[PDB]
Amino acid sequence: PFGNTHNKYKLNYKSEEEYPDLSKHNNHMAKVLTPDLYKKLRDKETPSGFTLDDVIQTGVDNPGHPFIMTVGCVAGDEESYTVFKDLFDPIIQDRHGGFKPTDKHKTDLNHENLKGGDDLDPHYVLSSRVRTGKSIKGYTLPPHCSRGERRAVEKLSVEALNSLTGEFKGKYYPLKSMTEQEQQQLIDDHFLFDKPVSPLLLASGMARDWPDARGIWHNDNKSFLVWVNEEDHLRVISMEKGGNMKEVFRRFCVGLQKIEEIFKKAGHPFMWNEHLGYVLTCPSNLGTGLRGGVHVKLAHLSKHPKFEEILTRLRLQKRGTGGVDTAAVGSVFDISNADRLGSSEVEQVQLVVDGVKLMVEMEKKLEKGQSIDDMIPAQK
């Protein structure tokens, strides 16, 4: 029982007979997979039984489209990254600016190392936010995890979160028993998540048993939010209105370390290693898993020839006002760090603080009508 009968059954076919048809594909996985790599890795399994087929399924199912390259693969556990390193390493190097198999990732959650960021001009910066994801050692990741493992993650997380006090006193809302009123309240506060609709996620198996053992915790102040068992075991978000990113990041680090110490005592620390930093399902999110950002009104700078170039130079990214696929209603852009792996949490938020400060100074010159042609920084 509970063995490898399934993969052994597939191994009755030759490697070419099981090899995916990637002729229409444009994703990182398809860029790297070869007939030889598939042949060499198809009989391998992690201790939990995760296989190369499981790693690549989403990339097989979702070819991609013209420009933006999707990753096209997932990890099912920490071991996936080692057992299938011959696939993941080139993907990680390509996705994360050349990060090599021998490179090390530096973690830094000491919020005191951030400099400034309490001052971001409220007239332009409408809100500040820091998000990360975390995995819990001892449990496989959402593509793979059993109902039993998922429930164990939820129990540990909820008991931990229920123990928090002061600024971090809060309450958990299971998706399965959520009242209509609770759901509406969470929507009003931009705290709700629903079953994923993205085929990139659905194709990996991560949505099984929905909504079993999924839920949302937030503190009474509505400034610290935790999603349980969505894309990763945990998603942890600190947010508030205005431009005190210093306070947002402080709260983020303190709450994250409080949770960490409880998990560590239970023998289930956050999944982490010196090479990849914090381990998560998607290779794109390794390292810090961190997206620190602001909603910032850039009426003129938005409509400027070098706007996309300035973001690139500052190592920043932009999205709409309502998320990843939105058109920035009014003039409000979601600006955040582009980096994840090979730089620390402090370094990434510092880039956001420093970069957003410069871009507000730039916009102030533009609304007067001065030239933005000297403040343009070197590529960071």
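In this text, residue numbers run from 1 along the sequence as written.
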Check: So 363-371 or 18-26, which one's hotter by mean CA B-factor in the entry?
Finding: 363-371
Note to self: Quick check: 290-298 versus 165-173, which has the larger average CA B-factor in the record?
What the structure shows: 290-298
Item checked: Criterion, highest CA B-factor; candidates, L341, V353, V60, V32 -> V353
Next item on the list: From the list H123, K104, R147, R235, select the residue with the highest C-alpha B factor recorded in the entry.
Entry: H123
Item checked: CA B-factor ranking of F84, expressed as a third of its chain -> lowest
Check: Within this chain, which third does the Cα B-factor at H268 fall in: lowest, middle or highest?
Finding: middle
Check: Which third of the chain holds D220 when residues are ordered by C-alpha B factor: lowest, middle or highest?
Finding: middle
Item checked: Ranked against its chain, the third holding the CA B-factor of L276 -> lowest
Next item on the list: Can you work out whether the C-alpha temperature factor of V197 puts it in the lowest, middle or highest third of the chain?
Entry: middle
